[PDB]
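Below: the structure, in structure tokens.
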Number of protein chains: 2
Amino acid sequence: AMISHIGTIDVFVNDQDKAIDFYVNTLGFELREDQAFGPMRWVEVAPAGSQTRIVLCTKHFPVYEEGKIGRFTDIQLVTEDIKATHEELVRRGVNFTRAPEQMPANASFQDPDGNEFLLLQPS
Amino acid sequence: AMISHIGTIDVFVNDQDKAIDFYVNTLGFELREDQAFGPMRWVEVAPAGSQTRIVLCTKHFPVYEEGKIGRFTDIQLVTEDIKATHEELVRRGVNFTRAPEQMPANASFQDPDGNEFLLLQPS
């Protein structure tokens, strides 16, 4: 096909080192990229083994607009065991805005800058 | 790992039938889901064979805010042949805001509601 897949989605953060620590060491993502391309730093994190990656962008990327840090991301993350994931992320200090519920099971949580993700255990 | 992968990312459109026609029949995506769950309609499209899907959402989804239709999506789509993809999408009437260039090769285009995507042929 012409278009292979979604390669990346941007998430905007206040500081890339702090964000790397959260996404890798608190959420368990992998660090896919961290490369200095001049004045700026290209940083990608993704769930282990997954195809699409998150680019951790700052206020100095041209694609930034005010309001893009600390918003609902419209991203839904998948877990095979939302009970276990929710408990462990709670122990690690992650703020859930909505606990797992068997309706849409899904939950929602935020990173330290307030970026909000849906978390889903699929049928 | 706790988190498996990014399951979905929302894109907001003015009309889901019109959008399905564009994403499936103009961009060549697959229709992954189209199911009526009461008053609303859950619609997913994705590049063929790809893991993460796009949810085509409307102004009546609770996750909508004004400004979410017709914006830069922060999504980068991957193609193995950006010359051929750009030509064919141009023939099909897709508006490119930026033509392919060998710098970040990448291009940018919009859907009919003005939602803007980056298009990338990777190294």
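Scheme for the structure tokens: letters A, B, ... for chains in order shown; per-chain residue numbers from 1; ligand numbers from 1 in order shown.
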Worksheet item: Hey, what's within 10 Å of range 32-38 of chain A if we count only C-alpha atoms and toss same-chain stuff fewer than 3 positions away? As a ChimeraX atom specification, please?
Response: /A:16,20,24,29,41-48,53-56
Write out, as a JSON list (two decimals), in the first residue's frame, the residues just selected, with C-alpha atoms.
[["chain", "number", "residue", "atom", "x", "y", "z"],
["A", 16, "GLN", "CA", 12.80, 16.01, 27.79],
["A", 20, "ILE", "CA", 12.31, 10.36, 29.38],
["A", 24, "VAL", "CA", 10.91, 4.87, 30.27],
["A", 29, "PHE", "CA", 8.53, 2.32, 27.58],
["A", 41, "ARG", "CA", 17.03, 17.10, 20.43],
["A", 42, "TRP", "CA", 14.99, 14.39, 18.76],
["A", 43, "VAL", "CA", 13.58, 12.08, 21.46],
["A", 44, "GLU", "CA", 11.34, 9.06, 20.80],
["A", 45, "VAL", "CA", 9.86, 6.61, 23.33],
["A", 46, "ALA", "CA", 7.56, 3.68, 22.63],
["A", 47, "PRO", "CA", 6.06, 0.64, 24.33],
["A", 48, "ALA", "CA", 8.48, -2.25, 24.01],
["A", 53, "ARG", "CA", 6.45, 5.80, 18.64],
["A", 54, "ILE", "CA", 5.87, 8.95, 20.69],
["A", 55, "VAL", "CA", 8.09, 11.96, 19.90],
["A", 56, "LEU", "CA", 8.73, 13.96, 23.12]]
Excluding residue 3 in chain B and any residue of its chain fewer than 6 positions from it, enumerate the residues within 9 Å of it, using only C-alpha atoms, and give them as an mmCIF file with C-alpha atoms, in the first residue's frame.
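Result file result.cif:
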data_model
loop_
_atom_site.group_PDB
_atom_site.id
_atom_site.type_symbol
_atom_site.label_atom_id
_atom_site.label_comp_id
_atom_site.auth_asym_id
_atom_site.auth_seq_id
_atom_site.Cartn_x
_atom_site.Cartn_y
_atom_site.Cartn_z
ATOM 1 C CA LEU A 27 5.676 3.637 32.335
ATOM 2 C CA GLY A 28 8.202 1.034 31.133
ATOM 3 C CA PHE A 29 8.532 2.324 27.577
ATOM 4 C CA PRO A 47 6.061 0.635 24.334
ATOM 5 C CA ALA A 48 8.479 -2.248 24.008
ATOM 6 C CA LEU A 77 -2.490 2.889 25.326
ATOM 7 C CA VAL A 78 -3.155 -0.876 25.452
ATOM 8 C CA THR A 79 -2.383 -3.218 28.345
ATOM 9 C CA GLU A 80 -3.224 -6.930 28.651
ATOM 10 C CA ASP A 81 -3.831 -6.557 32.445
ATOM 11 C CA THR A 85 -0.858 -2.054 35.397
ATOM 12 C CA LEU A 119 -5.463 3.081 29.118
#
Worksheet entry | 9 Å contact set for residue 11 in chain A, only C-alpha atoms, chain neighbours under 6 positions out, as number ranges by chain | A: 54-58, 68-69, 73, 115; B: 74
Those residues with N, CA and C atoms, as a PDB file, in the first residue's frame please?
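Output contents, as saved in again07.pdb:
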ATOM      1  N   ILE A  54       6.179   7.597  20.221  1.00  0.00           N
ATOM      2  CA  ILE A  54       5.872   8.950  20.690  1.00  0.00           C
ATOM      3  C   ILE A  54       7.142   9.787  20.572  1.00  0.00           C
ATOM      4  N   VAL A  55       7.032  10.946  19.927  1.00  0.00           N
ATOM      5  CA  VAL A  55       8.094  11.958  19.897  1.00  0.00           C
ATOM      6  C   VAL A  55       7.858  12.911  21.075  1.00  0.00           C
ATOM      7  N   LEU A  56       8.866  13.064  21.970  1.00  0.00           N
ATOM      8  CA  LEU A  56       8.732  13.957  23.123  1.00  0.00           C
ATOM      9  C   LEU A  56       9.238  15.313  22.677  1.00  0.00           C
ATOM     10  N   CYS A  57       8.315  16.219  22.401  1.00  0.00           N
ATOM     11  CA  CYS A  57       8.596  17.532  21.825  1.00  0.00           C
ATOM     12  C   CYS A  57       8.544  18.594  22.900  1.00  0.00           C
ATOM     13  N   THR A  58       9.130  19.772  22.614  1.00  0.00           N
ATOM     14  CA  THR A  58       9.179  20.886  23.578  1.00  0.00           C
ATOM     15  C   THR A  58       8.502  22.113  22.978  1.00  0.00           C
ATOM     16  N   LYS A  68      -0.492  22.936  24.061  1.00  0.00           N
ATOM     17  CA  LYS A  68      -0.164  21.558  23.667  1.00  0.00           C
ATOM     18  C   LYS A  68       0.544  20.786  24.768  1.00  0.00           C
ATOM     19  N   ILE A  69       1.143  21.465  25.765  1.00  0.00           N
ATOM     20  CA  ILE A  69       1.691  20.746  26.918  1.00  0.00           C
ATOM     21  C   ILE A  69       0.610  20.592  27.980  1.00  0.00           C
ATOM     22  N   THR A  73      -4.275  13.838  25.263  1.00  0.00           N
ATOM     23  CA  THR A  73      -3.473  13.530  24.083  1.00  0.00           C
ATOM     24  C   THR A  73      -4.270  12.865  22.978  1.00  0.00           C
ATOM     25  N   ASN A 115      -0.200  15.736  30.646  1.00  0.00           N
ATOM     26  CA  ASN A 115      -0.646  15.067  29.427  1.00  0.00           C
ATOM     27  C   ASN A 115      -1.430  13.801  29.785  1.00  0.00           C
TER      28      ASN A 115
ATOM     29  N   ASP B  74      -0.279  16.279  14.552  1.00  0.00           N
ATOM     30  CA  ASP B  74       0.927  15.766  15.185  1.00  0.00           C
ATOM     31  C   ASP B  74       1.203  14.297  14.855  1.00  0.00           C
TER      32      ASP B  74
END
Item to complete: Rank B:101, B:87, B:21, B:15 by their smallest atom-to-atom distance to chain A, using only C-alpha atoms, and report the top residue only.
Response: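 The closest residue to chain A is B:87.
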Worksheet item: Could you write out, as a VMD selection string, all the residues of chain B that DSSP marks as strand (DSSP E)?
Response: chain B and resid 5 to 12 30 to 37 40 to 46 53 to 57 72 to 78 95 to 101 106 to 110 116 to 120
Discussion item. Residues within 12 Å of residue 117 in chain A, please, as a PyMOL selection string. Count only C-alpha atoms; anything in the same chain fewer than 2 positions from it doesn't count.
Written reply: (chain A and resi 11+27+70-78+94-98+106-115+119-120) or (chain B and resi 3+6-10+63)
For those residues, write N, CA, C and O atoms to a file as a CSV table (one decimal), in the first residue's frame.
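Once everything was written out, this is selection10.csv:
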chain,number,residue,atom,x,y,z
A,11,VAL,N,4.0,14.2,21.6
A,11,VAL,CA,3.5,14.6,22.9
A,11,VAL,C,4.4,15.7,23.4
A,11,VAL,O,5.7,15.6,23.3
A,27,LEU,N,6.6,4.4,33.2
A,27,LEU,CA,5.7,3.6,32.3
A,27,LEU,C,6.3,2.4,31.7
A,27,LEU,O,5.5,1.6,31.0
A,70,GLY,N,0.4,19.4,28.5
A,70,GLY,CA,-0.5,19.2,29.6
A,70,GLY,C,-1.9,19.1,29.2
A,70,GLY,O,-2.8,19.6,29.9
A,71,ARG,N,-2.2,18.5,28.0
A,71,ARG,CA,-3.6,18.4,27.5
A,71,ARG,C,-4.0,16.9,27.4
A,71,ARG,O,-3.2,16.0,27.5
A,72,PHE,N,-5.3,16.7,27.1
A,72,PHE,CA,-5.6,15.3,26.7
A,72,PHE,C,-5.0,15.0,25.3
A,72,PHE,O,-5.2,15.8,24.4
A,73,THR,N,-4.3,13.8,25.3
A,73,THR,CA,-3.5,13.5,24.1
A,73,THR,C,-4.3,12.9,23.0
A,73,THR,O,-3.7,12.7,21.9
A,74,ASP,N,-5.5,12.4,23.3
A,74,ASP,CA,-6.3,11.6,22.3
A,74,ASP,C,-5.6,10.3,22.0
A,74,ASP,O,-6.0,9.7,20.9
A,75,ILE,N,-4.6,9.8,22.8
A,75,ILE,CA,-3.9,8.6,22.6
A,75,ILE,C,-4.5,7.5,23.6
A,75,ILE,O,-4.6,7.8,24.8
A,76,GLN,N,-4.8,6.3,23.1
A,76,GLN,CA,-5.2,5.2,23.9
A,76,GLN,C,-4.1,4.2,23.9
A,76,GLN,O,-3.7,3.7,22.9
A,77,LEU,N,-3.5,3.9,25.1
A,77,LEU,CA,-2.5,2.9,25.3
A,77,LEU,C,-3.1,1.6,25.7
A,77,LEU,O,-4.1,1.6,26.4
A,78,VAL,N,-2.6,0.4,25.2
A,78,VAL,CA,-3.2,-0.9,25.5
A,78,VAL,C,-2.3,-1.6,26.5
A,78,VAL,O,-1.1,-1.6,26.4
A,94,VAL,N,1.9,7.5,39.7
A,94,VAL,CA,1.1,8.0,38.5
A,94,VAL,C,-0.3,8.4,39.0
A,94,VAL,O,-1.0,7.7,39.6
A,95,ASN,N,-0.7,9.6,38.6
A,95,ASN,CA,-2.0,10.1,38.9
A,95,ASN,C,-3.1,9.6,37.9
A,95,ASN,O,-3.0,9.9,36.7
A,96,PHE,N,-4.0,8.8,38.4
A,96,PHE,CA,-5.2,8.4,37.5
A,96,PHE,C,-6.3,9.4,37.7
A,96,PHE,O,-6.8,9.6,38.8
A,97,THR,N,-6.8,10.0,36.6
A,97,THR,CA,-8.0,10.8,36.5
A,97,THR,C,-9.2,10.0,36.5
A,97,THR,O,-10.3,10.4,37.0
A,98,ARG,N,-9.1,8.7,36.0
A,98,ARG,CA,-10.3,7.9,36.1
A,98,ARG,C,-9.8,6.4,36.3
A,98,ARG,O,-8.9,6.0,35.6
A,106,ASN,N,-11.4,0.5,30.6
A,106,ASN,CA,-10.4,1.5,30.3
A,106,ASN,C,-10.3,2.4,31.5
A,106,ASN,O,-11.2,2.5,32.4
A,107,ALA,N,-9.2,3.2,31.6
A,107,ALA,CA,-8.9,4.1,32.6
A,107,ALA,C,-8.2,5.3,32.0
A,107,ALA,O,-7.9,5.3,30.8
A,108,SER,N,-8.0,6.4,32.8
A,108,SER,CA,-7.2,7.5,32.2
A,108,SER,C,-6.2,8.0,33.3
A,108,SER,O,-6.5,8.0,34.5
A,109,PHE,N,-5.0,8.4,32.8
A,109,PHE,CA,-4.0,8.9,33.7
A,109,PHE,C,-3.2,10.0,33.1
A,109,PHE,O,-3.2,10.2,31.8
A,110,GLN,N,-2.3,10.6,33.8
A,110,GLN,CA,-1.6,11.8,33.4
A,110,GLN,C,-0.1,11.6,33.6
A,110,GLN,O,0.3,10.9,34.6
A,111,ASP,N,0.7,12.1,32.7
A,111,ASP,CA,2.2,12.2,33.0
A,111,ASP,C,2.4,13.5,33.9
A,111,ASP,O,1.4,14.1,34.3
A,112,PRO,N,3.6,13.8,34.3
A,112,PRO,CA,3.8,14.8,35.3
A,112,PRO,C,3.5,16.2,34.8
A,112,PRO,O,3.3,17.1,35.6
A,113,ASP,N,3.5,16.4,33.5
A,113,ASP,CA,3.1,17.7,32.9
A,113,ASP,C,1.6,17.8,32.7
A,113,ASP,O,1.1,18.9,32.3
A,114,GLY,N,0.8,16.8,33.0
A,114,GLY,CA,-0.6,16.8,32.8
A,114,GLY,C,-1.1,16.2,31.5
A,114,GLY,O,-2.3,16.3,31.2
A,115,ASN,N,-0.2,15.7,30.6
A,115,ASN,CA,-0.6,15.1,29.4
A,115,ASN,C,-1.4,13.8,29.8
A,115,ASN,O,-1.0,13.0,30.6
A,119,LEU,N,-6.1,4.4,29.0
A,119,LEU,CA,-5.5,3.1,29.1
A,119,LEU,C,-6.5,2.0,29.0
A,119,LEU,O,-7.6,2.1,29.6
A,120,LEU,N,-6.3,1.0,28.1
A,120,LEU,CA,-7.4,0.1,27.7
A,120,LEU,C,-6.9,-1.3,27.8
A,120,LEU,O,-5.8,-1.7,27.3
B,3,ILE,N,2.6,-1.9,29.4
B,3,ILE,CA,1.9,-1.3,28.2
B,3,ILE,C,2.5,-1.9,26.9
B,3,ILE,O,3.7,-2.0,26.7
B,6,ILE,N,0.5,1.6,21.5
B,6,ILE,CA,-0.5,2.6,21.3
B,6,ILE,C,-1.6,2.0,20.4
B,6,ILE,O,-1.4,1.5,19.3
B,7,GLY,N,-2.8,2.0,21.0
B,7,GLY,CA,-3.9,1.3,20.3
B,7,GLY,C,-4.5,2.3,19.3
B,7,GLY,O,-4.6,1.9,18.1
B,8,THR,N,-4.8,3.5,19.7
B,8,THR,CA,-5.5,4.4,18.8
B,8,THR,C,-5.1,5.8,19.0
B,8,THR,O,-4.6,6.2,20.1
B,9,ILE,N,-5.3,6.7,18.0
B,9,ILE,CA,-5.2,8.1,18.2
B,9,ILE,C,-6.4,8.7,17.5
B,9,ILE,O,-6.8,8.3,16.5
B,10,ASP,N,-7.1,9.7,18.2
B,10,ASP,CA,-8.2,10.4,17.6
B,10,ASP,C,-7.9,11.4,16.5
B,10,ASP,O,-7.0,12.2,16.7
B,63,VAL,N,-14.7,13.7,24.1
B,63,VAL,CA,-13.3,14.2,24.0
B,63,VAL,C,-13.1,15.3,23.0
B,63,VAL,O,-11.9,15.8,22.8
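Relative to CA of residue 25 in chain B, CA of residue 65 in chain B is found at 27.6 Å.
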Worksheet item: Could you work out how far CA of residue 116 in chain B lies from CA of residue 64 in chain A, giving the answer in Å with one decimal?
Response: 14.0 Å
Worksheet entry | Nearest to chain A, chosen from B:99, B:40, B:105, B:82, with only C-alpha atoms counted in the distances | B:82
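Taking CA of residue 92 in chain B and CA of residue 26 in chain B as the two end points, the separation is 6.5 Å.
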Discussion item. With distances taken over only C-alpha atoms, which residue among A:89, A:118, A:2, A:19 lies nearest chain B?
Written reply: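 Residue with the minimum atom-to-atom distance to chain B: A:2.
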Fill in: Every residue of chain A that DSSP places in helix (DSSP H, G or I), as a ChimeraX atom specification
/A:16-26,82-91
Would you save the residues from that selection as a PDB file, in the first residue's frame, using C-alpha atoms?
ATOM      1  CA  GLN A  16      12.800  16.006  27.785  1.00  0.00           C
ATOM      2  CA  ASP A  17      15.106  14.501  30.429  1.00  0.00           C
ATOM      3  CA  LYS A  18      12.307  14.520  33.030  1.00  0.00           C
ATOM      4  CA  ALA A  19       9.912  13.107  30.458  1.00  0.00           C
ATOM      5  CA  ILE A  20      12.308  10.356  29.378  1.00  0.00           C
ATOM      6  CA  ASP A  21      12.583   9.305  33.032  1.00  0.00           C
ATOM      7  CA  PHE A  22       8.794   9.128  33.328  1.00  0.00           C
ATOM      8  CA  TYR A  23       8.012   7.334  30.065  1.00  0.00           C
ATOM      9  CA  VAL A  24      10.914   4.866  30.268  1.00  0.00           C
ATOM     10  CA  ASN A  25      11.363   4.303  33.972  1.00  0.00           C
ATOM     11  CA  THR A  26       7.808   4.848  35.296  1.00  0.00           C
ATOM     12  CA  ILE A  82      -5.278  -3.232  33.509  1.00  0.00           C
ATOM     13  CA  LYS A  83      -5.686  -4.295  37.147  1.00  0.00           C
ATOM     14  CA  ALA A  84      -1.979  -5.069  37.469  1.00  0.00           C
ATOM     15  CA  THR A  85      -0.858  -2.054  35.397  1.00  0.00           C
ATOM     16  CA  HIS A  86      -3.077   0.357  37.341  1.00  0.00           C
ATOM     17  CA  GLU A  87      -1.803  -0.961  40.716  1.00  0.00           C
ATOM     18  CA  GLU A  88       1.837  -0.782  39.708  1.00  0.00           C
ATOM     19  CA  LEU A  89       1.504   2.674  38.150  1.00  0.00           C
ATOM     20  CA  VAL A  90      -0.308   3.852  41.304  1.00  0.00           C
ATOM     21  CA  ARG A  91       2.569   2.497  43.439  1.00  0.00           C
TER      22      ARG A  91
END
